Amino acid sequence: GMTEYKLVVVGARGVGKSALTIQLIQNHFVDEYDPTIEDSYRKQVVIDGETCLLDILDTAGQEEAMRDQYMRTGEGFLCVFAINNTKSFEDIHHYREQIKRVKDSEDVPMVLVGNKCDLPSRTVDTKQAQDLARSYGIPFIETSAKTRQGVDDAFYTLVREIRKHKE
Ligand SMILES: Nc1nc2c(ncn2[C@@H]2O[C@H](COP(=O)(O)OP(=O)(O)NP(=O)(O)O)[C@@H](O)[C@H]2O)c(=O)[nH]1
Ligand SMILES: [Mg+2]
């Protein structure tokens, strides 16, 4: 595609940032846990009639100190938590606050992603996460990288949010 969208996937360790990205790009589910330092991907897609290029940065999970470099370069952010990891959900606000500080824009293209919805051990209610997304004024998408549930939707929705912001 010709229009380029710089997407950045952030969230706590182990929530499925890489598995989501690899499902989007390569269409398979990675069962292993290989911790990320930083990985870059490219994908040509047609969204809303426009062929475009997704430049995706798959980042290292936070330990608490997100890297300013990709918070400055990224145009939109996938903020990922796991529905069986209450702490990863509580962590989200710190990630959004760090991005908003670096951007010095009150609106920043973001999508909240609740991943691992295929698991039977949910501790984060869809309600709690929806309340957060509504307060931020951003979309909330539940995903499974394993079942591919919501994966395209999460990334494509983020591109739509970037489109409204830059234009
Ligand atoms: N059941 C299930 N397991 C998942 C899902 N997404 C990821 N996992 C599993 O969770 C583990 C961590 O996933 P991974 O994508 O590596 O996480 P990450 O957020 O990239 N971790 P890091 O920040 O260290 O790079 C792996 O064993 C992976 O298979 C999902 O939707 N469902
Ligand atoms: Mg990873």
Side-chain angles (χ1 to χ4, degrees), residues 1-49 51-63 66-85 88-89 91-92 95-96 98-99 102-103 108-119 124 126 129 133 136 138-167:
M2 213 280 280
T3 306
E4 219 169 43
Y5 295 101
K6 304 201 213 323
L7 318 185
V8 182
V9 185
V10 304
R13 287 279 180 198
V15 298
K17 298 181 299 300
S18 298
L20 288 165
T21 300
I22 290 324
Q23 182 64 246
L24 179 78
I25 301 295
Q26 303 174 3
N27 298 322
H28 66 100
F29 172 60
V30 291
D31 205 87
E32 302 296 320
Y33 182 14
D34 173 27
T36 302
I37 300 170
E38 201 159 291
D39 294 330
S40 288
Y41 301 95
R42 295 162 43 84
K43 185 181 189 52
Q44 181 167 332
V45 294
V46 174
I47 300 164
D48 288 349
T51 307
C52 59
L53 190 280
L54 311 190
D55 185 9
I56 297 161
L57 193 70
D58 177 26
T59 66
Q62 294 116 338
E63 315 284 15
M66 309 177 46
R67 245 267 223 69
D68 293 338
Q69 191 129 17
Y70 58 64
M71 294 196 284
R72 294 185 282 254
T73 57
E75 299 177 322
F77 300 82
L78 269 199
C79 294
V80 185
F81 69 95
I83 59 100
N84 70 327
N85 185 336
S88 74
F89 173 74
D91 284 336
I92 289 287
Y95 312 148
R96 162 159 177 106
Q98 291 178 82
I99 296 165
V102 163
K103 292 300 201 190
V108 176
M110 289 194 1
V111 171
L112 183 68
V113 175
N115 189 43
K116 308 204 188 182
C117 290
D118 59 285
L119 290 185
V124 180
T126 299
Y136 290 159
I138 71 176
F140 173 52
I141 296 186
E142 289 191 303
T143 60
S144 168
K146 175 173 195 168
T147 85
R148 198 185 227 287
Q149 165 186 335
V151 175
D152 280 1
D153 191 13
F155 281 98
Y156 294 1
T157 298
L158 178 55
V159 171
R160 304 188 167 99
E161 293 289 302
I162 295 176
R163 293 199 163 150
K164 311 180 202 177
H165 171 79
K166 194 213 180 93
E167 329 195 353

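Numbers for residues simply follow the sequence, beginning at 1.
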List the residues meeting side-chain hydrogen bond (donor to acceptor under 3.5 Å, both in side chains) with [X], not counting sequence neighbours, and say none if there are none.
X      : value
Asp39  : none
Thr143 : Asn115
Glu63  : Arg13
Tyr70  : none

Main-chain N/O of [Y] paired with [X] side-chain donor or acceptor, under 3.5 Å:
X      : Y      : answer
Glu142 : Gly150 : no
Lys17  : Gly11  : yes
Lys103 : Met71  : yes
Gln44  : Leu53  : no

Steps toward side chain to side chain contact (heavy atoms under 4.5 Å, CB included) verdict (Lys116, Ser88)
CA-CA 12 Å; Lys116 308 204 188 182; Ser88 74; over 6 Å; no

What pairs meet the side-chain hydrogen bond (donor to acceptor under 3.5 Å, both in side chains) rule with one or both residues in residues 152-161, with sequence neighbours excluded?
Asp48-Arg160, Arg148-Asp152, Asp153-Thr157, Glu161-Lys164

Do [X] and [Y] come within less than 4.5 Å of each other through their side chains, counting heavy atoms only?
X      : Y      : result
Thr147 : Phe29  : no
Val9   : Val113 : no
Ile138 : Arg96  : yes

Shortest non-hydrogen contact from [X] toward [Y]:
X      : Y      : answer
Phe89  : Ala129 : CE1-CA, 3.5 Å
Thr36  : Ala60  : O-CB, 3.4 Å
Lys6   : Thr73  : CD-O, 3.9 Å
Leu158 : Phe77  : CD1-N, 3.5 Å
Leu119 : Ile83  : O-CD1, 4.4 Å
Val151 : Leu20  : CG1-O, 3.6 Å

Can you name the side-chain contact (heavy atoms from CB on, under 4.5 Å) partners of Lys166, sequence neighbours left out?
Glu75

So, taking the atom named [atom1] in [X] and the one named [atom2] in [Y], what distance separates them when rounded to the nearest 0.5 Å?
X      : Y      : atom1 : atom2 : answer
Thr21  : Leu78  : OG1   : CG    : 7.5 Å
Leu57  : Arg67  : CG    : CZ    : 8.5 Å
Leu24  : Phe155 : CG    : CZ    : 5.0 Å
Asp58  : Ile37  : CG    : CD1   : 11.5 Å
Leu112 : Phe81  : CG    : CZ    : 5.0 Å
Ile92  : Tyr136 : CD1   : OH    : 7.5 Å

For side chain to side chain contact (heavy atoms under 4.5 Å, CB included), just list the numbers for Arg163 and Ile47, CA-CA rounded to whole Å, side-chain angles, deciding distance to a tenth of an Å, and then say yes or no.
CA-CA 11 Å; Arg163 293 199 163 150; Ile47 300 164; 3.9 Å; yes

Test side chain to side chain contact (heavy atoms under 4.5 Å, CB included) on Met2 and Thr51 and set out the steps.
CA-CA 7 Å; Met2 213 280 280; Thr51 307; over 6 Å; no

Test side chain to side chain contact (heavy atoms under 4.5 Å, CB included) applied to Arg42 and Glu4, step by step:
CA-CA 10 Å; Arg42 295 162 43 84; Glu4 219 169 43; 4.2 Å; yes

